[PDB]
Each structure stands twice: as structure tokens, then as C-alpha cells.
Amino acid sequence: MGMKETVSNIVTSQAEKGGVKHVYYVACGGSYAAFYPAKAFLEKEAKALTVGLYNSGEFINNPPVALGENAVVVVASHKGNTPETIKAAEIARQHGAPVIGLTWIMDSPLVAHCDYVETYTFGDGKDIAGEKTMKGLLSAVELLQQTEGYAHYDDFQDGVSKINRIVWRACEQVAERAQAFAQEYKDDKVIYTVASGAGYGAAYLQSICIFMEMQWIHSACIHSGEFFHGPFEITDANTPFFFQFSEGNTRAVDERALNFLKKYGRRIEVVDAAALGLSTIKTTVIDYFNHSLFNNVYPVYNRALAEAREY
């Protein structure tokens, strides 16, 4: 089970040193946003663990004073060659913090600077239960479970047992809509994304994908809660919105934003976790599966778009 033995080993080694009190997720690029679910998890669920999510550049230049024997550092680099991330592992080990590295390349330079190395599923026919985002999440779940206890551990593991099926079925479900979407937006140059909660990172990554396709302007990834507290992104540019409608504790925040956008007759492509079958996961843990769903369904849309025209 992802991360369970690794975490066991760390909890054992650090007991003598006062135990694990601080968790740091450190990466760049796609690997940074892929750790947002783990951050959201520990913020919501923990009482005696701190969590920090850091860009590798910022961590190595300005490391927290809590970095030391009561910290664990989880670094991610897909190819295992990102220099700032490697330096982050080194600095952590120099401070006495056990390092877990997440990489797809098991003989990469990063591996020499980690205490533990974990890999994940990637590419063709990837099993979502073992993907990089889910291993990040499982590090947080196991760290909580093995230090303070986690009341919804079994429900979480239930979710892991269901998510691959949910995702691949959703990919088929949206295939046709994706073709239509592609025809409607093929001549747009800018598209905003919108999201909230533990899946927000997947909306950020989708903003990058849109920019990689259109190559015009990197536009905002808008937090659903922020529309009523700033200037509305409604101008004569007529920018459309790719709207991530979550399941779980922030669904109501999303629903309020969506209703607003509809009242102004905006062009909106909605991807809705409730319509794509996520709701079989228990409501105690479903927030944490939004990222894995959307991050794995958007490619169907992105591929259709492309045809119509650091992980």
C-alpha cells in the first residue's frame, strides 16, 4: 500500500528525536501543483502536524527554521534531474530531516539524495490508484494515520480502490462532448479556469495546458470563492471559462460561482465530478479525489482541441 512501509520506517527512526511534527512538500512545475491535494489534506485533517508546500527554488533559498529532525520532506521530480529539487533533498538531509523522493526514473541523480524512493504509474494505461498525485496524498494519509490517527482511513482506502474505474469510465463518457468542445473553442486564444478546494491544483495545471495549446496569454486560474470579492473577469474580450465543478465540501462554493457566470451569459465548459461518477466515494474523503479525476479527464478535451487545430 502506497507509502505505508516508508512512513513506518520514518516514524520509527524519528521517535527518539521527538517524532514527526512537520511535513514539507517541495517541487517545481507540474510536481508542485500535484502536491496541493496533500497540503489540503493535512490542513483539513491534522491537529499535530504542520504542512508546507514549497517551490524548490524558494525552499532552498529560504528554508523554514522547523526544518530538522522533527520534519519530513517529500520531494518530487519526474525525471529526477531538477537541480533545485535535488538541492532541496540535500539541504533537508544536512538538517537531519528524512527525505522521501518521488520519481519515475529510479537511477536518477535525485535518488542519491533521498532516504527513501517511491515511484508511481505513468503514461499508457496508467492505474490512477498508483499515480504520482495519489502517492503524494498517500504520504499525507499515512503520516497522519501513523502519528495522530486518521478517523477516515478506511473510507480513504475505499476511495483509492474505486478511483481508477471512475476515471477511465469518465474518459469514455466525455469523448463526444470533447469533440464538440473542440469545435466551439478552436479559435479561442485565451480560456480561464475556475476551481476551489483540494482539486484546485488540477485547474492550475489545466491553465498551463490551455496556454501550451493556444500559445497566446497565460491567463488566471480563478478561485471560485474570489469572484464576489474582486473585479469580475467579464470584459469585452469575451474570454470563456473552463469550469471545474467539484464534489464535496467546496461544491457549494463552486455552485455559487457557476450560477453567477450563467447570469452573465458567459461561455462556460463545465466538467462536473458529480456527473462523472465520483459520488460513489464516501463524502468523508471525496474532496481529495477531485484532482485525480479532473487531471486525468482534461486530456480528452485537450487532445480533441489540438486535433481541431515538467510533470
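Each residue number is its position in the shown sequence, starting from 1.
Enquirer: Does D236 go missing in at least one third of the other entries compared here?
Expert: Affirmative; at least a third of those entries omit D236.
Enquirer: Using only C-alpha atoms and the B-factors in the entry, which stretch averages higher, 256-264 or 52-60?
Expert: If you average the C-alpha B-factors of 256-264 and of 52-60, the larger mean comes out for 256-264.
Enquirer: If you average the CA temperature factors over each stretch, which comes out higher, 283-291 or 298-306?
Expert: For C-alpha atoms only, the mean B-factor is higher in 298-306.
Enquirer: Highest Cα B-factor in the PDB entry belongs to which of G201, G136, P109, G159?
Expert: Reading the PDB entry, the winner on C-alpha B-factor is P109.
Enquirer: Which one of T85, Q179, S224, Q145 shows the biggest C-alpha B-factor in the PDB entry?
Expert: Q179 has the highest C-alpha B-factor of those listed.
Enquirer: Hey, what third does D127 fall into on Cα B-factor, ranked over its chain?
Expert: Middle third - that is where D127 ends up once the chain's C-alpha B-factors are sorted.
Enquirer: Lowest, middle or highest third: where is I91 by Cα B-factor in its chain?
Expert: As the PDB entry reports it, the C-alpha B-factor of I91 lands in the middle third of its chain.
Enquirer: Could you say whether, by C-alpha temperature factor, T239 belongs to the lowest, middle or highest third of its chain?
Expert: Highest third.
Enquirer: Lowest, middle or highest third of the chain for the C-alpha temperature factor of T121?
Expert: Middle third - that is where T121 ends up once the chain's C-alpha B-factors are sorted.
Enquirer: Would you mind checking where the Cα B-factor of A33 ranks among the modelled residues of its chain, as the lowest, middle or highest third?
Expert: Middle third by C-alpha B-factor.
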